[PDB]
2 protein chains.
Amino acid sequence: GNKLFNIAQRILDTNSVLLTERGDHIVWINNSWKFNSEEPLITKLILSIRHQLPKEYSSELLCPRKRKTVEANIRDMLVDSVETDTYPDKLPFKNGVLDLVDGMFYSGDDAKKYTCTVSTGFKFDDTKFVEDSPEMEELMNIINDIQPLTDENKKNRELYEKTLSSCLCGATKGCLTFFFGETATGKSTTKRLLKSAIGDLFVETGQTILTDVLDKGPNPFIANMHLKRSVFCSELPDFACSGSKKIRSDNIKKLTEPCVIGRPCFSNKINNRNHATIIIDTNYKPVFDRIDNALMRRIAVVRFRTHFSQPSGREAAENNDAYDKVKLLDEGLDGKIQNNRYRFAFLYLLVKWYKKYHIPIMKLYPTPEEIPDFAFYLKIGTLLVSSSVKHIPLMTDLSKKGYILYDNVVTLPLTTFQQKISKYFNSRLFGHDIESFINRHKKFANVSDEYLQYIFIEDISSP
Amino acid sequence: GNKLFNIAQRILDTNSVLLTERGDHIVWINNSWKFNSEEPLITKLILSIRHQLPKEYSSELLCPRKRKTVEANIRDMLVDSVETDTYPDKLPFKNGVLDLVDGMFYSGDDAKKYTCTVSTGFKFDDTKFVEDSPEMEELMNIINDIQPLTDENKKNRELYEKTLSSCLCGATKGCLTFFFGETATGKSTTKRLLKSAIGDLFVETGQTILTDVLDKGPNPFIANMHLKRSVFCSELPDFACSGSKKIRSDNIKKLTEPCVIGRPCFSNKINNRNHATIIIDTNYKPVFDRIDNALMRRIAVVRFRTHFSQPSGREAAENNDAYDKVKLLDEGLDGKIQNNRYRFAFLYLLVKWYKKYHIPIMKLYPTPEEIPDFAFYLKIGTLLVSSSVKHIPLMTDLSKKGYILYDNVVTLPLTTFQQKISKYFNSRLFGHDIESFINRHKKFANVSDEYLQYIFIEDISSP
């Protein structure tokens with residue numbers, strides 16, 4: 001009774017077709033979850049799977065009409081929806097899924113349970129995923145050359161390792177990392193090593209996402225980051241000199257939210273998943289058009305201070321302090337990195353670092369103290385407070401310091417505020433910052449007189 | 001007699017397919033009313049319901065052609081339209097609909113009567129819906145700490161309870177309540193309570209709603225609140241300081257309307273249903289760009305006077321103007337609330353509050369005396385009525401007050417207006433409001449002078 005319905009039931013029992021929330025069907029052919037909007041693969045799956053069925057069921061799948069009927073039955077049978085790429089601690093390869101927490105590699109039906117629709121693009125070989133090897137020693141030597149293990153570099157080394165290891169997690173990250181350092185320091189070598197390690201999950205982008213609008217009209221720059229696990233920004237022009245667009249605070253805020261707004265060309269989908277670890281490479285200090293408290297919590301800085309240079313310019317390179325350690329470059333090193341020589345050794349190192357930081361919740365912590373542009377705004381935030389409970393049993397003593405009373409609200413005249421704030425910062429050095437803060441946070445008692453609703457902590461602490 | 005027509009008649013007798021006024025079909029599969037504009041689920045429903053039918057009818061539903069014939073019959077049979085989500089007194093869950101008038105929980109066919117297309121997203125447990133429990137005691141203690149039941153907080157507590165209970169009713173609300181509460185006073189705790197209690201019907205927004213155009217073009221922020229029952233906006237910056245846009249009058253007017261005009265990307269729809277309660281959370285008093293009688297009627301204010309702070313900042317948390325009382329904070333409370341510990345206790349409390357305010361007509365009430373912006377207009381509104389037909393046989397004594405009759409409309413000079421308004425209103429305290437009134441409600445008399453179609457109540461109350 002209904003051979004075709006029984007065939008559809010068996011194919012559904014094999015769990016090879018799933019219905020997604022967007023209305024598509026994902027099929028498991030050739031050991032990978034595939035889908036297509038313009039050409040479903042359900043009949044391809046039926047023809048391919050005809051070999052696992054009994055004899056009397058296999059000869060009914062050689063007709064396109066019967067395969068169409070089976071596909072209709074399968075479409076009617078699938079009611080509930082599932083979500084794809086819901087495991088943040090799994091790295092999908094071309095022939096399986098690697099577990100970062102456990103270190104065990106799966107293949108075929110074992111990798112089937114993790115609905116991974118993306119992959120690194122290359123196979124995984126266990127014979128090279130080993131600890132003892134000359135490749136491991138060479139990689140360790142290179143890594144120690146780029147980042148020394150001195151006691152003055154411990155925190156920087158830890159942050160570097162954490163940032164590099166977070167590129168394997170398939171979840172939204174809450175920070176952006178700046179790779180601070182001059183040219184010929186090792187940042188490009190790290191970029192090439194990471195690209196060789198993680199294959200197709202790595203993408204590179206210029207200045208478009210930093211200094212330009214994100215949504216606008218069409219934007220392949222923000223639509224090509226869907227399900228990527230790392231984004232590297234390189235060749236960034238100095239924003240200190242006039243003529244270059246500044247870093248947009250709105251862009252930084254949007255590149256951190258779990259939902260990214262943007263659509264590709266000729267696509268009706270506007271929502272894409274953001275899994276990338278954004279790293280910005282710059283040879284100069286970064287400056288932003290706007291600075292506020294929210295933008296301070298989404299920036300981290302990693303500093304590079306060891307360079308490799310030719311013997312001809314060895315003295316000049318040894319003639320400063322930003323190149324804290326001097327070494328000799330290797331001409332064939334670029335070819336070795338390109339030839340995928342250290343790919344699996346770097347994969348092992350990244351997995352080991354991830355395990356070293358595999359605490360139940362993996363998060364990226366901002367480091368705002370390393371940005372010179374944040375120096376003024378960080379210090380003033382520890383000097384002023386907002387409105388609070390009852391200044392009434394201090395207005396006797398707060399009045400003598402220049403604070404006035406207004407409808408039971410303490411304000412401060414601009415002249416008195418300037419006089420009290422000039423004792424902590426140089427007028428010339430922070431003039432623009434002081435002016436911007438004053439004109440941003442000023443309150444108008446009337447059209448002419450103006451006041452500020454801020455109280456210095458030093459006055460508060462002093463009885 | 002046409003077995004397939006009999007099958008379609010039975011499936012229609014089960015009341016599982018309904019035709020909506022918009023032209024779509026909603027089917028009852030997996031205990032929920034789903035629909036798909038681009039792909040009807042009628043054949044899925046036929047295949048699923050094939051089990052309830054007699055034995056000789058179930059075998060015919062295993063063929064896609066016969067299912068399509070039954071679907072054609074069913075489509076021809078459905079003539080009348082129905083309206084979806086028209087019960088404001090019902091809270092839909094994932095596995096049933098819980099009434100609020102008396103308080104039973106329906107399930108399956110019992111909840112089938114109310115066509116609710118949305119749900120809180122979590123299953124309902126009757127075991128935890130108990131009045132007597134340690135969780136209820138802890139929640140009551142937290143609520144009492146948040147809003148004390150003292151003699152100075154009766155009306156405030158009543159309005160707070162009314163606002164929290166009004167987040168369950170699925171109808172359009174007429175007021176935009178202002179949660180006038182300062183930082184670390186407890187508004188965050190109430191927000192997490194409400195979110196955990198009402199699940200997916202709760203959404204959170206930011207500054208874009210209040211201080212930006214809502215219609216514009218494709219606005220996901222507006223299209224998101226379709227059939228939502230609560231909207232919470234937090235982290236709102238101080239609008240008193242310059243550089244921050246004021247609250248738009250048109251936005252406030254538009255949010256209250258039952259029909260909100262707005263479209264999503266790649267969607268032909270332009271109309272949605274507004275059911276949400278909008279609560280504004282600011283640490284500072286609000287500032288409106290343009291105020292008048294209309295906005296004064298759509299604002300309610302809730303005050304919080306129990307603030308918590310750390311000991312280091314406690315002195316700084318007591319040396320300004322904005323709070324009234326200090327208390328102590330709890331650290332594990334946030335983890336407890338994230339663990340959905342008090343979800344059902346808060347649900348029971350909200351149901352009890354709704355019952356207390358369950359008069360046959362549910363309507364929110366505005367309180368304009370708590371906003372200093374409308375204080376001047378309220379005093380102005382209660383101190384002015386224009387000229388009178390009865391003023392015609394009293395304009396002789398009204399002429400002594402600096403008023404001149406003109407086509408039965410009496411006038412006041414600008415300088416005389418300022419002189420007479422200085423009697424009741426302080427010139428400096430409300431100078432901006434007075435001059436805005438002068439330039440907003442003025443008319444013209446001749447080339448050089450200006451005219452006013454308004455007269456003070458005080459000039460008429462005094463004989």
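Residues numbered from 1 in each chain as written, not as in the entry; some residues may be left out. Chains lettered and ligands numbered in written order. Part of a larger assembly, values for the part shown. Heavy atoms only, no water. Residues with missing side-chain atoms left out of burial classes, pairs and counts.

cryo-EM is the method the PDB entry states for this structure, with the resolution given as 2.87 Å.

**Comments concerning the overall build of chain A**
Put simply, the rule reads: Secondary structure follows DSSP: runs of H or I at least 4 residues long count as helices, runs of E at least 2 residues long count as strands, and numbering of each begins at the N terminus. Computation of the radius of gyration draws on C-alpha atoms, with the globule rule given as 2.2 Å multiplied by the number of residues to the power 0.38. Residue contacts follow a heavy-atom distance rule, with two residues in contact if any of their heavy atoms lie within 4.5 Å.
Of regular secondary structure, chain A possesses 20 helices and 21 strands. Relative to the compact-globule value of 23 Å for 463 residues, chain A shows a C-alpha radius of gyration of 29 Å, a clear excess of over 25%. Overall, chain A is about 100 × 65 × 40 Å in size when its C-alpha atoms are taken along their principal axes. For chain A, long-range pairs separated by at least 24 residues make up 74% of all intrachain contacts whose partners lie at least 6 apart in sequence.

**Description of the environment of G186 of chain A**
All names here are of chain A. Just so we agree on the cut-off: When a residue's accessible area, from a 1.4 Å probe over protein chains only, is under 20% of the maximum for its type it is buried; when over 50% it is exposed; and in between it is partly exposed.
With respect to the helices and strands, the residue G186 is situated in the loop between β7 (176-180) and α8 (187-198). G186 gets classed as buried once you look at its relative accessible area, which sits at 8%. Note: C-alpha distance between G186 and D145 (41 residues apart in sequence) is 8.8 Å. Every residue in contact with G186, bar those within four places of it in the chain, is listed here: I146 and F308.

**Notes on the sheet that holds strand β2 (residues 25-28) of chain A**
Residue and element names in this part refer to chain A. Heads up, the rule is: By the convention used here, strands pair only if DSSP detects at least 2 bridges between them. For helices, the fitted axis covers only the stretch in contact; all axes are lines through C-alpha atoms, and the angles between them, taken along N-to-C directions, range from 0 to 180 degrees.
Ordered by their spatial adjacency, 3 strands build an open sheet running β1-β2-β3, and the pairing between neighbours is antiparallel. Whereas interior strands pair on both sides, the edge strands pair on one side only; in this sheet they are β1 (17-19) and β3 (33-34). Packed onto the sheet, helix α2 (residues 42-49) meets β1 and β2 and runs at close to 20 degrees relative to β2.

**Considering the relation of the copies chain B and chain A**
Short version of the rule: Their C-alpha atoms serve as the basis for the least-squares superposition of the copies.
Turning chain B through 62 degrees and shifting it by 0.8 Å along the axis lays it on chain A, with an RMSD of 1.2 Å. Between the two chains, the operation in question is that of a six-fold axis. Nearest to the rotation axis, the C-alpha of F266 of chain B is located 11 Å from it, this being the minimum over chain B.

**What about the side chain of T367 of chain A?**
All names here are of chain A. Assignment of secondary structure puts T367 in the loop between α15 (343-356) and α16 (375-380). Overall, the relative accessible area of 14% leaves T367 in the buried class. Other than its neighbours up to four places away in sequence, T367 contacts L159, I299, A300 and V301.

**Considering the side chain of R343 of chain B**
Residue and element names in this part refer to chain B. What counts, and what does not: Here the positive residues are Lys and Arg and the negative ones are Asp and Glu; neither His nor the chain ends is included. Any carboxyl oxygen of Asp or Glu that lies within 4 Å of a side-chain nitrogen of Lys or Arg is treated as forming a salt bridge with it. By the criterion applied in these results, polar contacts are pairs of N or O atoms within 3.5 Å in which, for protein atoms, one can donate a hydrogen and the other can accept it, and in which residues neighboring in sequence qualify only through two side-chain atoms.
In this structure, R343 sits in helix α14 (residues 343-356). For the buried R343, no salt bridge is present, and the opposite-charge side chain at shortest range is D200, 8.1 Å distant. A polar side-chain atom of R343 sits 3.0 Å from the main-chain carbonyl oxygen of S196. With sequence-adjacent residues up to four places away left out, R343 is seen in contact with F122, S196 and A197.

**Comments concerning α8 of chain A**
Residues and elements named next belong to chain A. Here is the rule: Helix span, as expected, comes to 1.5 Å for every residue beyond the first.
For α8, with 12 residues, the first-to-last C-alpha span of 17 Å sits near the 16 Å given by 1.5 Å per residue. For α8, a buried count of 9 out of 12 residues is recorded, marking the element as mostly surrounded by other parts of the structure. The set of residues buried in α8 consists of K187, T189, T190, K191, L193, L194, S196, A197 and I198.

**Describing the packing of helix α1 (residues 3-13) of chain A against helix α4 (residues 64-77) of chain A**
All names here are of chain A. Convention followed: Here the angle decides the label: under 35 degrees means roughly parallel, over 145 means roughly antiparallel, 65 to 115 means roughly perpendicular, and every other value means oblique. For any helix crossing, the convention is left-handed if the near helix is rotated counterclockwise from the far helix by under a right angle, and right-handed if that rotation is clockwise. Throughout this entry, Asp, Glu, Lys and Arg are counted as charged residues, while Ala, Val, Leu, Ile, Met, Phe, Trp, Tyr, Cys and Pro are counted as nonpolar. The remaining residues, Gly among them, count as polar.
Between α1 and α4, the least distance of the axes is 9 Å, while the angle of their chain directions is 55 degrees. As summarised for this structure, α1 and α4 are arranged oblique, according to the angle between their axes. Seen from above, α1 lies across α4 with right-handed handedness. Between α1, through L4, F5, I7, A8, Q9, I11 and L12, and α4, the contact on the second element is made entirely by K66, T69, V70, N73, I74 and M77. Taken together, the residues of the contact of α1 with α4 sort by class into 9 nonpolar, 3 polar and 1 charged.

**Considering the pairing of strand β6 (residues 176-180) of chain B**
Residues and elements named next belong to chain B. Burial within β6 is extensive, with 4 of its 5 residues counted as buried. Bridge analysis of β6 against strand β12 (residues 299-303) gives 5 bridges, and the strand direction is parallel. Bridge pairing in β12 places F179 opposite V302. Relative to strand β11 (residues 277-282), β6 runs parallel, the two being bridged by 4 bridges. Note on β11: the bridge partner recorded for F179 is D281.

**Quick word on the interface of chain B and chain A**
Tallying the contact residues gives 28 residues for chain B and 41 residues for chain A. Mapped by element, the contributors of at least two residues to the side of chain B that touches chain A are α2 (42-49) and α4 (64-77) of chain B. If one sorts the elements of the side of chain B that touches chain A by residue count, α2 of chain B sits on top with 3 residues. Split into classes, the residues belonging to the side of chain B that touches chain A amount to 14 nonpolar, 7 polar and 7 charged.

**Structural notes on the packing of aromatic side chains**
Defined as follows: Pairing of aromatic rings covers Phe, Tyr and the six-membered ring of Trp, with a centre-to-centre limit of 6.5 Å; geometry is then stacked below 30 degrees between planes, edge-to-face above 60, and tilted otherwise. For a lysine, the NZ atom is tested; for an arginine, the CZ atom; a charge sits over a ring if that atom is within 6 Å of the ring centre and within 35 degrees of the ring normal.
In total, this model carries 49 aromatic pairs over all chains according to the counting rule given. In this structure, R343 of chain A is placed above the aromatic ring of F122 of chain A, and the distance from its NZ or CZ to the ring centre is 3.9 Å.

**Let's talk about the sheet that holds strand β3 (residues 33-34) of chain B**
Through backbone hydrogen bonds, the strands of a sheet pair up, either in parallel or in antiparallel fashion. All names here are of chain B. Across the sheet, which stays open at both edges, the 3 strands sit in the order β1-β2-β3 with antiparallel pairing between neighbours. Strands with a single pairing partner mark the edges of an open sheet, and in this sheet they are β1 (17-19) and β3. Here 2 bridges tie strand β2 (residues 25-28) to β3, and the two strands are oriented antiparallel to one another. Its bridge partner lying in β3, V27 is registered against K34. The sheet contacts of α2 involve β1 and β2, and relative to β2 the element is tilted by about 20 degrees.

**Remarks on the pattern of salt bridges**
Side chains that carry opposite charge are capable of pairing whenever their charged atoms lie near each other. All names here are of chain A. Here the structure, examined in full by the defined rule, presents 34 salt bridges over all chains. We note a salt bridge from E83 to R22, for which the minimum N-O separation is 3.3 Å. Of this pair, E83 sits in the loop between α4 and β4 (90-92) while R22 sits in the loop between β1 and β2, placing them 61 residues apart in sequence. Residue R22 is classed as partly exposed on the basis of its relative accessible area, which comes to 37%. A salt bridge links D145 to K327, with the shortest nitrogen-to-oxygen separation between them at 3.3 Å. Of the two residues, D145 is situated in helix α6 (residues 134-146) and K327 in strand β15 (residues 325-327); the sequence distance between them amounts to 182 residues.

**Focus: helix α1 (residues 3-13) of chain B**
All names here are of chain B. Selection rule: Each direction from the helix axis to a C-beta atom contributes to the arc, which is the arc of those directions.
Of all the residues in α1, the buried ones are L4, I7, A8 and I11. Angularly, the buried residues of α1 cover 95 degrees about the axis, an arc narrow enough to put them on a single face. Among the structural elements, α2, α3 (55-58) and α4 are those in contact with the buried residues of α1. Just past α1, the residue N15 takes up positive phi, approximately 60 degrees.

**Comments concerning the pairing of strand β9 (residues 230-233) of chain A**
Consecutive residues of a regular strand have side chains that alternate between opposite faces of the sheet. Residue and element names in this part refer to chain A. What you see with β9 is no split at all: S230 and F232 on one side and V231 and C233 on the other are buried throughout. Relative to β9, strand β8 (residues 202-205) runs parallel, the two being bridged by 4 bridges. Note on β9: the bridge partner recorded for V203 is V231. Bridge count for β9 against strand β12 (residues 278-282) is 3 bridges, and the pairing is parallel. Bridge pairing in β12 places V231 opposite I278.

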